[PDB]
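Engineer: Handing you this structure, nothing more for now.
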Amino acid sequence: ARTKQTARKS
Amino acid sequence: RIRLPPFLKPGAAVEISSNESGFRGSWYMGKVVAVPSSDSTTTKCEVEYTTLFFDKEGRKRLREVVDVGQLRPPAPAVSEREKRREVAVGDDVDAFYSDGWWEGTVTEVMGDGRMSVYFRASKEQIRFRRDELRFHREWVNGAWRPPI
């Protein structure tokens, strides 16, 4: 599932 | 002490923006879990994300304490002219990507309803189908621009 770690771009 | 915007109440669906550089230009869908009461020690709200989780195995939706100014209501429902609107170069759009909406600008339209979108903050150039885009709107002074 998506997390901030795998959503953020930097 | 603080006069909350009327849309902000426990249970309310919202779009959530972040202050973190890696989230510049994004809106993630979520819901309000708690707000400052007239009886309150905070000025902040707690929200729960709809598509972001604490853990990658997805047991618990992410919750965060955020500033009121990070929240806006769900973007207006796509009207009937807006379904008739062709997306054009120069249009400000949000693209659905990594399960949230990211603001960019259409730089090229190709056939079969596909477009290329430039993202300024991340210096990215990414192709999307029409059904992955929405026309960008801003929540300003308690109302949408362009309005409903």
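We number each residue from 1, going along the chain as drawn.
Header entry for method reads X-ray crystallography, 1.9 Å.
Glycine too: its Cβ is placed from the backbone N, Cα and C atoms.
Straight from Swiss-Prot, here's the annotation block:
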type	residues	note
MOD_RES	A:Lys4	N6-methyllysine
MOD_RES	A:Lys4	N6,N6,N6-trimethyllysine
MOD_RES	A:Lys4	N6,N6-dimethyllysine
MOD_RES	A:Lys9	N6-methyllysine
MOD_RES	A:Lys9	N6,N6-dimethyllysine
MOD_RES	A:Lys9	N6-acetyllysine
MOD_RES	A:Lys9	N6,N6,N6-trimethyllysine
MOD_RES	A:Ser10	phosphoserine
Engineer: Which has the fewest other CB atoms in a 10 Å radius around its CB: A:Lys9, A:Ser10, the listed modified residues?
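Structural biologist: Each of the modified residues A:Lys9, A:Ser10 was scored by Cβ atoms within 10 Å; lowest is A:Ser10.
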Engineer: Do me a favour and check the Cα-Cα span between the residue listed as 'phosphoserine' and A:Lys4 (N6-methyllysine); whole Å is fine.
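Structural biologist: Rounded to the nearest whole number, the Cα-Cα distance is 10 Å.
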Engineer: Just counting, how many other CB atoms are there within 10 A of the CB of A:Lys4 (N6-methyllysine)?
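Structural biologist: A count of 17.
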